[PDB]
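One structure is given below, encoded as C-alpha cells.
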Number of protein chains: 2
Amino acid sequence: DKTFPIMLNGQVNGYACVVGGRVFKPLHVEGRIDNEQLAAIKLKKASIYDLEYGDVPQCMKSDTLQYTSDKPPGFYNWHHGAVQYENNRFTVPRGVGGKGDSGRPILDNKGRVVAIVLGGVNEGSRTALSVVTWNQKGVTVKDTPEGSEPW
Amino acid sequence: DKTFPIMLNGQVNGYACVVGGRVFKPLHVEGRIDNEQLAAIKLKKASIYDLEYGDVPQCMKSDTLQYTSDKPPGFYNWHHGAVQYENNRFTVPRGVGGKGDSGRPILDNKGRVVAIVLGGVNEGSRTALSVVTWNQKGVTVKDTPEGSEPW
C-alpha cells in the first residue's frame with residue numbers, strides 16, 4: 001500500500017491514507033502533508049468523523065479499493081498485528097498503539113480497505129480500538145469503546 | 001467480427017459497428033461508408049444515445065448477437081486489449097486511446113457485443129472510456145466520465 005504520512009516538526013503525527021472517492025486525513029492529529037501533488041488539495045473541515053475532502057485527480061484515484069458492509073467475523077491484517085472480530089475489534093497484543101501513528105487502515109485478505117483507525121492506545125490486557133467502520137448498509141458509523149483514548 | 005471504417009479523403013476517422021436489428025455509427029464523425037450495400041443507408045441524426053437507422057436487408061443480418069443485462073464484472077474482449085469491470089470501464093493502460101477509432105465494439109467471451117466506445121482520448125495516467133450500456137432490463141444508457149473529450 002501507498003498511504004502518505006503527516007509530518008509535524010520532523011516526526012510523524014498521523015497517516016493520511018488515500019482511498020478512492022475521498023482522501024482521508026484525521027483532523028484530530030495535526031501537521032502538514034508533504035506530497036506536493038497533494039499539497040494543492042483543499043483542506044475542508046468535516047464532522048466528528050475527522051474527514052478531509054476528496055478533491056483527488058481521477059487517474060491516481062481508486063488505486064485502493066474499499067470493502068463494503070456486511071463484513072464477516074473472519075481474519076483481518078493490522079499493519080503491526082492481526083484482528084479477528086466483526087462487531088467490535090478483537091484483542092490485539094500490547095505495545096502497539098502508542099501516540100501519533102493513527103489513520104492506518106485495517107485491510108482484509110483481498111487488500112480492500114475495511115476500516116480507518118482513530119484511537120485505541122491502551123485499554124488493558126485486551127486492547128480494543130476506537131475505529132470508524134461501515135455498519136450494515138453503507139452507513140459510515142464511528143464506534144468507540146468505553147473509556148477510549150485518542151491516538 | 002464485422003466492423004466497417006468510415007472514409008474521409010482517404011483516411012480513417014471512425015469505425016461503424018453492426019448489431020442484429022440496427023447498424024451503428026457515431027455522431028461526432030463523418031465521411032463515407034466502405035460498402036456498396038451500406039451506401040443506401042438512410043442516415044439520420046439523434047441524441048447522445050447514438051441511434052442510427054439500420055435499414056439493411058436480410059442478406060447480412062444476424063452478425064453480432066446482443067448481450068443482455070446482468071453483465072458480470074469479468075473479462076471482456078476489447079480490440080486493443082481487455083476490460084474487466086461492469087459499473088464503469090476498467091482503466092486501460094496508456095498508448096491506447098488515440099483518435100479516429102470511435103465506435104469500436106467491446107465483445108464478450110461468446111462473441112456478443114456489450115458496449116460501444118464514444119470518447120476519452122486522455123484522462124492522465126489511466127484512460128476511462130465513455131460507452132453505452134444497458135442498465136437492468138435493456139434500457140440503453142449513455143455513461144460518461146468527468147471531462148471526456150469525444151474520440
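Residue numbers start at 1 in each chain; chains themselves are named A, B, ... in the order of the C-alpha cells; ligands are numbered from 1 in the order shown.
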Using only C-alpha atoms, which protein or nucleic acid residues come within 10 Å of residue 72 in chain B? Drop anything in the same chain fewer than 4 positions from it, and give the result as a PyMOL selection string.
chain B and resi 76+84-87
Go ahead and save the residues from that selection, with N, CA, C and O atoms, as an mmCIF file, in the first residue's frame.
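What follows is the written file part34.cif:
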```
data_model
loop_
_atom_site.group_PDB
_atom_site.id
_atom_site.type_symbol
_atom_site.label_atom_id
_atom_site.label_comp_id
_atom_site.auth_asym_id
_atom_site.auth_seq_id
_atom_site.Cartn_x
_atom_site.Cartn_y
_atom_site.Cartn_z
ATOM 1 N N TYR B 76 -13.598 -9.001 -20.682
ATOM 2 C CA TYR B 76 -14.277 -8.550 -21.888
ATOM 3 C C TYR B 76 -13.243 -8.288 -22.972
ATOM 4 O O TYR B 76 -12.180 -7.722 -22.704
ATOM 5 N N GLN B 84 -12.013 -5.234 -17.665
ATOM 6 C CA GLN B 84 -12.548 -6.065 -16.582
ATOM 7 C C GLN B 84 -13.204 -5.185 -15.515
ATOM 8 O O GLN B 84 -12.595 -4.927 -14.474
ATOM 9 N N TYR B 85 -14.454 -4.785 -15.770
ATOM 10 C CA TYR B 85 -15.365 -4.161 -14.809
ATOM 11 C C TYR B 85 -16.741 -4.073 -15.462
ATOM 12 O O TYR B 85 -16.890 -4.280 -16.669
ATOM 13 N N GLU B 86 -17.747 -3.755 -14.645
ATOM 14 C CA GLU B 86 -19.135 -3.685 -15.087
ATOM 15 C C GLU B 86 -19.742 -2.299 -14.930
ATOM 16 O O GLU B 86 -20.367 -1.796 -15.873
ATOM 17 N N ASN B 87 -19.577 -1.670 -13.761
ATOM 18 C CA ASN B 87 -20.248 -0.401 -13.474
ATOM 19 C C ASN B 87 -19.695 0.731 -14.331
ATOM 20 O O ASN B 87 -20.456 1.493 -14.938
#
```
Contacts of residue 1 in chain A within 10 Å, only C-alpha atoms, excl. fewer than 5 positions in-chain, as a PDB file with N, CA and C atoms, in the first residue's frame:
```
ATOM      1  N   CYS A  17      -4.296   8.259   4.859  1.00  0.00           N
ATOM      2  CA  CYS A  17      -4.454   7.235   3.838  1.00  0.00           C
ATOM      3  C   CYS A  17      -5.286   7.754   2.671  1.00  0.00           C
ATOM      4  N   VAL A  18      -5.031   7.196   1.493  1.00  0.00           N
ATOM      5  CA  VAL A  18      -5.685   7.614   0.260  1.00  0.00           C
ATOM      6  C   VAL A  18      -6.638   6.503  -0.154  1.00  0.00           C
ATOM      7  N   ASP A  63      -7.019   3.705  -6.615  1.00  0.00           N
ATOM      8  CA  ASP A  63      -5.939   2.731  -6.550  1.00  0.00           C
ATOM      9  C   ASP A  63      -6.107   1.792  -5.365  1.00  0.00           C
ATOM     10  N   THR A  64      -6.740   2.264  -4.294  1.00  0.00           N
ATOM     11  CA  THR A  64      -7.011   1.462  -3.104  1.00  0.00           C
ATOM     12  C   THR A  64      -8.515   1.224  -3.034  1.00  0.00           C
ATOM     13  N   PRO A 105      -5.131   2.151   7.739  1.00  0.00           N
ATOM     14  CA  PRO A 105      -6.321   1.329   7.500  1.00  0.00           C
ATOM     15  C   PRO A 105      -6.151  -0.103   7.981  1.00  0.00           C
ATOM     16  N   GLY A 111      -7.128  -7.237   0.262  1.00  0.00           N
ATOM     17  CA  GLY A 111      -6.476  -5.946   0.244  1.00  0.00           C
ATOM     18  C   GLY A 111      -7.402  -4.751   0.271  1.00  0.00           C
TER      19      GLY A 111
END
```
Any idea what's packed within 9 Å of residue 103 in chain B, counting only C-alpha atoms, ignoring anything in its chain fewer than 3 positions away? Could you give it as a VMD selection string?
chain B and resid 14 to 17 24 to 26 116 to 119 131 151
Output file for the residues above (N, CA and C atoms, as a PDB file, in the first residue's frame):
```pdb
ATOM      1  N   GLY B  14     -13.080   6.907 -37.999  1.00  0.00           N
ATOM      2  CA  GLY B  14     -14.123   6.276 -37.214  1.00  0.00           C
ATOM      3  C   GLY B  14     -14.417   4.853 -37.638  1.00  0.00           C
ATOM      4  N   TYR B  15     -15.060   4.083 -36.765  1.00  0.00           N
ATOM      5  CA  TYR B  15     -15.436   2.707 -37.061  1.00  0.00           C
ATOM      6  C   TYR B  15     -16.922   2.522 -36.795  1.00  0.00           C
ATOM      7  N   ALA B  16     -17.625   1.935 -37.758  1.00  0.00           N
ATOM      8  CA  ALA B  16     -19.065   1.736 -37.668  1.00  0.00           C
ATOM      9  C   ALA B  16     -19.353   0.267 -37.391  1.00  0.00           C
ATOM     10  N   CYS B  17     -20.049   0.000 -36.294  1.00  0.00           N
ATOM     11  CA  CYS B  17     -20.415  -1.351 -35.904  1.00  0.00           C
ATOM     12  C   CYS B  17     -21.806  -1.698 -36.418  1.00  0.00           C
ATOM     13  N   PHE B  24     -24.836   0.881 -36.384  1.00  0.00           N
ATOM     14  CA  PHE B  24     -24.446   1.993 -35.528  1.00  0.00           C
ATOM     15  C   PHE B  24     -23.307   2.770 -36.173  1.00  0.00           C
ATOM     16  N   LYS B  25     -23.264   4.068 -35.882  1.00  0.00           N
ATOM     17  CA  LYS B  25     -22.268   4.998 -36.404  1.00  0.00           C
ATOM     18  C   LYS B  25     -22.259   6.253 -35.537  1.00  0.00           C
ATOM     19  N   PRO B  26     -21.096   6.683 -35.040  1.00  0.00           N
ATOM     20  CA  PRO B  26     -21.058   7.807 -34.095  1.00  0.00           C
ATOM     21  C   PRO B  26     -21.414   9.141 -34.738  1.00  0.00           C
ATOM     22  N   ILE B 116     -20.332   0.208 -26.816  1.00  0.00           N
ATOM     23  CA  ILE B 116     -19.746   0.912 -27.954  1.00  0.00           C
ATOM     24  C   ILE B 116     -19.048   2.156 -27.421  1.00  0.00           C
ATOM     25  N   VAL B 117     -17.747   2.290 -27.706  1.00  0.00           N
ATOM     26  CA  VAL B 117     -16.956   3.398 -27.176  1.00  0.00           C
ATOM     27  C   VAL B 117     -17.296   4.686 -27.916  1.00  0.00           C
ATOM     28  N   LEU B 118     -17.163   5.814 -27.216  1.00  0.00           N
ATOM     29  CA  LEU B 118     -17.510   7.109 -27.798  1.00  0.00           C
ATOM     30  C   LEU B 118     -16.435   8.175 -27.630  1.00  0.00           C
ATOM     31  N   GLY B 119     -15.715   8.187 -26.514  1.00  0.00           N
ATOM     32  CA  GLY B 119     -14.780   9.264 -26.268  1.00  0.00           C
ATOM     33  C   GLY B 119     -13.779   8.920 -25.188  1.00  0.00           C
ATOM     34  N   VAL B 131     -18.880   4.726 -22.768  1.00  0.00           N
ATOM     35  CA  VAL B 131     -19.560   3.720 -23.570  1.00  0.00           C
ATOM     36  C   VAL B 131     -21.062   3.794 -23.314  1.00  0.00           C
ATOM     37  N   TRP B 151     -13.917  10.950 -29.062  1.00  0.00           N
ATOM     38  CA  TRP B 151     -12.807  10.242 -29.678  1.00  0.00           C
ATOM     39  C   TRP B 151     -13.340   9.140 -30.579  1.00  0.00           C
TER      40      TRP B 151
END
```
Go through chain B residue by residue and, counting only C-alpha atoms, keep those with an atom at most 6 Å from chain A; for each kept residue give the shortest atom pair and its distance in Å to one decimal, ordered by chain and increasing number, as a tab-separated table.
```
residue	atom	partner	partner_atom	distance
B:124	CA	A:59	CA	5.7
B:125	CA	A:59	CA	5.4
B:126	CA	A:59	CA	5.3
```
Next, write the just-selected residues to a file, as a JSON list (two decimals), in the first residue's frame, keeping N, CA and C atoms as the atom set.
```
[["chain", "number", "residue", "atom", "x", "y", "z"],
["B", 124, "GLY", "N", -5.15, 11.12, -18.16],
["B", 124, "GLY", "CA", -3.96, 11.25, -17.33],
["B", 124, "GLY", "C", -3.14, 9.98, -17.31],
["B", 125, "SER", "N", -2.91, 9.41, -16.12],
["B", 125, "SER", "CA", -2.14, 8.18, -16.02],
["B", 125, "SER", "C", -2.93, 6.97, -16.50],
["B", 126, "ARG", "N", -4.25, 7.02, -16.40],
["B", 126, "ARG", "CA", -5.13, 5.97, -16.90],
["B", 126, "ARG", "C", -6.04, 6.55, -17.98]]
```
Please report the interatomic distance between CA of residue 91 in chain B and CA of residue 66 in chain B in Å with one decimal.
23.9 Å
Taking 6 positions as the minimum chain separation for residues in the same chain, which residues sit within 12 Å of residue 129 in chain B when counting only C-alpha atoms? Answer as a PyMOL selection string.
chain B and resi 78+83+85+87-93+96-98+102-106+115-123+142-151
Record the distance separating CA of residue 23 in chain A and CA of residue 133 in chain A, expressed in Å with one decimal.
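Computing the Euclidean distance for CA of residue 23 in chain A and CA of residue 133 in chain A yields 15.5 Å.
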For residue 70 in chain B, work out the shell of residues within 10 Å, counting only C-alpha atoms and skipping chain neighbours fewer than 4 positions away, then give it as a ChimeraX atom specification.
/B:86,134-138
Could you pull out all residues of chain A with a DSSP call of strand (DSSP E or B) and give them as a PyMOL selection string?
chain A and resi 5-8+11-15+18-19+22-23+32-33+66+76-78+81-83+92+105-107+113-117+119+127+131-134+140-143+150
Go ahead and save the picked residues with N, CA and C atoms, as a compact mmCIF listing (two decimals), in the first residue's frame.
```txt
# COMPACT_ATOMS: atom_id res chain seq x y z
N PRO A 5 2.10 9.76 4.76
CA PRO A 5 2.04 10.23 6.16
C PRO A 5 2.00 11.76 6.42
N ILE A 6 1.69 12.15 7.66
CA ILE A 6 1.61 13.54 8.09
C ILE A 6 2.83 13.84 8.93
N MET A 7 3.62 14.81 8.50
CA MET A 7 4.84 15.19 9.20
C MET A 7 4.59 16.46 9.99
N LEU A 8 4.86 16.40 11.30
CA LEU A 8 4.73 17.56 12.18
C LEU A 8 6.03 17.70 12.96
N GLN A 11 9.05 14.75 12.98
CA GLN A 11 8.49 13.43 13.24
C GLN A 11 7.12 13.30 12.59
N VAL A 12 6.48 12.15 12.80
CA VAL A 12 5.16 11.89 12.25
C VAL A 12 4.11 12.11 13.34
N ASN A 13 2.91 12.46 12.90
CA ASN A 13 1.77 12.61 13.80
C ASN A 13 0.55 11.82 13.37
N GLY A 14 0.52 11.33 12.13
CA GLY A 14 -0.59 10.53 11.67
C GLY A 14 -0.31 10.06 10.26
N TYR A 15 -1.21 9.21 9.77
CA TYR A 15 -1.11 8.65 8.42
C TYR A 15 -2.38 8.99 7.66
N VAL A 18 -5.03 7.20 1.49
CA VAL A 18 -5.69 7.61 0.26
C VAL A 18 -6.64 6.50 -0.15
N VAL A 19 -7.93 6.79 -0.08
CA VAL A 19 -8.98 5.89 -0.56
C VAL A 19 -9.64 6.54 -1.75
N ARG A 22 -12.55 9.58 -1.84
CA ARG A 22 -12.32 10.60 -0.81
C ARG A 22 -11.02 10.30 -0.09
N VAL A 23 -10.05 11.21 -0.19
CA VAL A 23 -8.80 11.07 0.55
C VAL A 23 -9.06 11.34 2.02
N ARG A 32 1.34 19.10 8.61
CA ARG A 32 1.16 19.37 7.19
C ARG A 32 1.53 18.14 6.36
N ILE A 33 0.80 17.94 5.26
CA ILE A 33 1.17 16.90 4.31
C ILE A 33 2.43 17.33 3.56
N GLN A 66 -12.04 -0.34 -1.57
CA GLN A 66 -12.58 -0.29 -0.22
C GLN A 66 -13.66 -1.35 -0.05
N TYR A 76 -8.49 -10.57 9.68
CA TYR A 76 -8.01 -9.33 9.06
C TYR A 76 -6.59 -9.05 9.51
N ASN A 77 -5.87 -8.29 8.70
CA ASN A 77 -4.50 -7.93 9.00
C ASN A 77 -4.42 -6.47 9.42
N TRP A 78 -3.84 -6.24 10.59
CA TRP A 78 -3.41 -4.92 11.03
C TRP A 78 -1.95 -4.75 10.61
N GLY A 81 -0.07 -6.08 13.40
CA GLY A 81 -0.70 -7.16 14.13
C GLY A 81 -1.80 -7.88 13.37
N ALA A 82 -2.80 -8.38 14.09
CA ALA A 82 -3.90 -9.11 13.49
C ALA A 82 -5.12 -9.01 14.39
N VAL A 83 -6.30 -8.92 13.78
CA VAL A 83 -7.56 -8.79 14.50
C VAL A 83 -8.58 -9.71 13.86
N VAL A 92 -5.84 -7.29 20.69
CA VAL A 92 -4.59 -7.05 19.97
C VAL A 92 -3.47 -7.23 20.99
N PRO A 105 -5.13 2.15 7.74
CA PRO A 105 -6.32 1.33 7.50
C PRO A 105 -6.15 -0.10 7.98
N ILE A 106 -7.29 -0.73 8.27
CA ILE A 106 -7.36 -2.15 8.59
C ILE A 106 -7.83 -2.87 7.34
N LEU A 107 -6.97 -3.72 6.79
CA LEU A 107 -7.23 -4.33 5.50
C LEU A 107 -7.83 -5.72 5.67
N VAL A 113 -9.82 -1.86 1.68
CA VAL A 113 -9.83 -1.09 2.92
C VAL A 113 -11.18 -1.29 3.60
N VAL A 114 -11.15 -1.77 4.84
CA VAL A 114 -12.36 -2.08 5.58
C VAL A 114 -12.68 -1.02 6.62
N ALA A 115 -11.66 -0.50 7.31
CA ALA A 115 -11.88 0.43 8.41
C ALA A 115 -10.69 1.36 8.53
N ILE A 116 -10.92 2.52 9.13
CA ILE A 116 -9.89 3.52 9.38
C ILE A 116 -9.81 3.76 10.88
N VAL A 117 -8.64 3.51 11.46
CA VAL A 117 -8.46 3.61 12.90
C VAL A 117 -8.34 5.08 13.30
N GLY A 119 -8.44 5.75 17.31
CA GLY A 119 -7.96 5.66 18.66
C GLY A 119 -7.45 4.27 18.98
N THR A 127 -6.83 -5.28 24.07
CA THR A 127 -6.88 -3.94 23.50
C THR A 127 -7.97 -3.87 22.45
N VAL A 131 -12.66 3.06 16.18
CA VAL A 131 -12.39 2.94 14.76
C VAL A 131 -13.69 3.19 14.00
N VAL A 132 -13.60 3.95 12.91
CA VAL A 132 -14.75 4.15 12.04
C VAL A 132 -14.93 2.93 11.15
N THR A 133 -16.17 2.67 10.74
CA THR A 133 -16.50 1.46 10.01
C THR A 133 -17.79 1.68 9.24
N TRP A 134 -18.24 0.62 8.57
CA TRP A 134 -19.50 0.59 7.83
C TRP A 134 -20.39 -0.44 8.50
N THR A 140 -21.74 4.96 7.24
CA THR A 140 -20.38 5.13 7.75
C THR A 140 -20.47 5.61 9.19
N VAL A 141 -20.35 4.68 10.12
CA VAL A 141 -20.59 4.92 11.54
C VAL A 141 -19.28 4.76 12.29
N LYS A 142 -18.94 5.75 13.11
CA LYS A 142 -17.81 5.59 14.01
C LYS A 142 -18.24 4.85 15.27
N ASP A 143 -17.26 4.24 15.93
CA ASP A 143 -17.54 3.44 17.12
C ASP A 143 -16.34 3.48 18.05
N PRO A 150 -7.90 8.93 22.47
CA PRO A 150 -7.44 9.20 21.10
C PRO A 150 -5.96 8.89 20.91
```
CA of residue 42 in chain B and CA of residue 139 in chain B are how many Å apart?
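A separation of 24.1 Å between them.
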